[PDB]
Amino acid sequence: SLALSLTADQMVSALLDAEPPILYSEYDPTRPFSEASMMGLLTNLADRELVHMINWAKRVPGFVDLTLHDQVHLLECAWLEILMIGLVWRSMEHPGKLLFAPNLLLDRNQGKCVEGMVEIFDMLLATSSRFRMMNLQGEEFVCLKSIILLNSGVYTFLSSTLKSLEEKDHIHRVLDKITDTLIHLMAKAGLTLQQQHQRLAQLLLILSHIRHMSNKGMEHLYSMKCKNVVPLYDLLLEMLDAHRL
């Protein structure tokens, strides 16, 4: 079940088919929200999404080839990035609001309910605005999401002879394949060569902002943790701790 053999169309197909479902938040929640209130809803949804994310990762071409320790590291480093790009993606057709869930559509004003959270909401909205301006496509989105998984912690990985060096070139080869896929999709859309490279760069630069939001969000979450405002969701907490060691 090699991934280096997959064709561009096959790659997209696999990714699209591996897509996780869109989860619902607690129904008919009490409004207006309180800090501990919004925090609970958001982290509860995240904790449940993480379970699906882990199982989605196993479906990302080449991911299963890596060692468990390597799979663990990649996900621990990229989980919030992956949650955020999915969020931004769902909010695309909803200017001004973040679609955390079909029954949880929030705007920047609701972000003020949690201290320091409005800053994060604004960055998320700006990114969604950016996706809209570019008219980001689903095929491109699933490609970008897989890139985040494979790339975010690819260097944070320790070197150890051809050993670790093996679980590195393989990742880079796959990453290269996703690049070919992206270019393939753009070419099929009739984009000129110059337009293809320009769009490819535009899409990848987005990942820089996504990493930035994850860093800020992580710091913020760890902040809410100490303030004892985050419910006890083990998986979520575990992953958050990974960003402390």
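Residue positions are given as counts along the sequence shown, with the first one as 1.
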query	finding
Average Cα temperature factor in the PDB entry - higher stretch of 170-178, 79-87	170-178
Selected stretch [higher average CA B-factor]: 106-114 or 70-78	106-114
Which of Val229, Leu236, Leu23, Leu15 ranks first by CA B-factor in the deposited coordinates	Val229
Which of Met186, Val64, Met213, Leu41 ranks first by CA B-factor in the deposited coordinates	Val64
Among modelled residues of the same chain, the CA temperature factor third for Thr30	highest
Within-chain third of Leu136 by Cα B-factor, per the entry	middle
Within-chain third of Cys143 by Cα B-factor, per the entry	lowest
Among modelled residues of the same chain, the CA temperature factor third for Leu98	middle
Third of the chain, ranked by Cα B-factor, where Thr127 sits	lowest
